[PDB]
Protein chains: 2
Amino acid sequence: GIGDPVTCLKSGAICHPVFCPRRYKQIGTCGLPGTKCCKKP
Amino acid sequence: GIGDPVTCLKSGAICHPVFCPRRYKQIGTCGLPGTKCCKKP
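Residues numbered from 1 in each chain as written, not as in the entry; some residues may be left out. Chains lettered and ligands numbered in written order. Heavy atoms only, no water.

- This deposited entry lists X-ray crystallography as its structure determination method and 1.70 Å as its resolution.

See below:
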């Protein structure tokens with residue numbers, strides 16, 4: 001339920017501009033429309 | 001340069017802690033300590 005890039009990154013997760021890479025889990029957005037907060041498999 | 005997550009993602013890059021993964025090159029930072037702005041060339 002992440003909604004902003006700082007919360008995403010501080011957790012060790014990664015911000016992608018449109019979609020999470022293969023095997024990554026979508027956990028929220030990184031604020032900017034379309035962006036995704038993605039965590040390791 | 002690029003030094004915050006929104007500018008990074010607006011450029012179509014990713015924000016990745018610690019390093020830029022395979023195929024990605026560093027084009028800046030995302031402001032938080034060790035965060036890398038990364039994009040495939």
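That shown, we press on.
**Re the overall build of chain A**
Phase 1 of the analysis: Each helix and strand in chain A was counted, giving 1 helix and 3 strands.
Phase 2 of the analysis: Shown N-terminal to C-terminal, the secondary structure of chain A runs as helices and strands in the order α-β-β-β.
Phase 3 of the analysis: Each of the three principal axes of chain A carries a C-alpha extent, and together these read 20 × 20 × 15 Å.
Phase 4 of the analysis: Counting every position in chain A, which comprises 41 residues, the buried fraction comes to 39%.
Phase 5 of the analysis: In chain A, the share of contacts with a sequence separation of at least 24, taken over all contacts with a separation of at least 6, comes to 30%. (Helix = DSSP H or I, 4+ residues; strand = E, 2+ residues; numbered from the N terminus. Buried < 20%, exposed > 50% of the residue type's maximum accessible area, 1.4 Å probe, protein only. Contact = heavy atoms within 4.5 Å.)

**Concerning the nonpolar core**
Phase 1 of the analysis: If you look at the biggest cluster of nonpolar residues, it comprises 14 residues, and the most contacted ones within it are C8, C15, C30 and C37 of chain A together with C8, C15 and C30 of chain B.
Phase 2 of the analysis: Of all elements in the fold, only helix 1 (5–10) of chain A together with helix 1 (5–10) of chain B reach the threshold of two or more residues within this core.
Phase 3 of the analysis: When residues no more than four places from it in sequence are discounted, the contact partners of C30 of chain A are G3, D4, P5, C8, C15, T35, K36 and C37 of chain A together with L9 of chain B. (Core = buried A, V, L, I, M, F, W, Y, C linked by side-chain atoms within 4.5 Å.)

**Looking at the interface of chain A and chain B**
Phase 1 of the analysis: Counting residues at the interface gives 14 residues for chain A, matched by 14 residues for chain B.
Phase 2 of the analysis: Summed over both partners, the interface of chain A with chain B buries about 1,000 Å², with 83% contributed by carbon and sulfur atoms.
Phase 3 of the analysis: Looking only at chain A, the three residues that lose the most surface to chain B are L9, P17 and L32 of chain A, adding up to 47% of its buried area.
Phase 4 of the analysis: Where chain A meets chain B, there are 0 salt bridges.
Phase 5 of the analysis: Scanning the region where chain A abuts chain B turns up 1 residue pair in polar contact.
Phase 6 of the analysis: For the side of chain A that touches chain B, the secondary-structure elements that each account for two or more residues are helix 1 and strand 1 (14–16) of chain A.
Phase 7 of the analysis: In terms of residue count, helix 1 of chain A provides more of the side of chain A that touches chain B than any other element does, 4 residues in total.
Phase 8 of the analysis: Looking at side-chain class alone, the side of chain A that touches chain B contains 9 nonpolar, 3 polar and 2 charged residues. (Buried area = accessible area lost by both parts, 1.4 Å probe. Salt bridge = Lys/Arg side-chain N within 4 Å of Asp/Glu carboxyl O. Polar contact = N/O pair within 3.5 Å; in protein donor to acceptor, adjacent residues only side chain to side chain. Nonpolar A, V, L, I, M, F, W, Y, C, P; charged D, E, K, R; others polar.)

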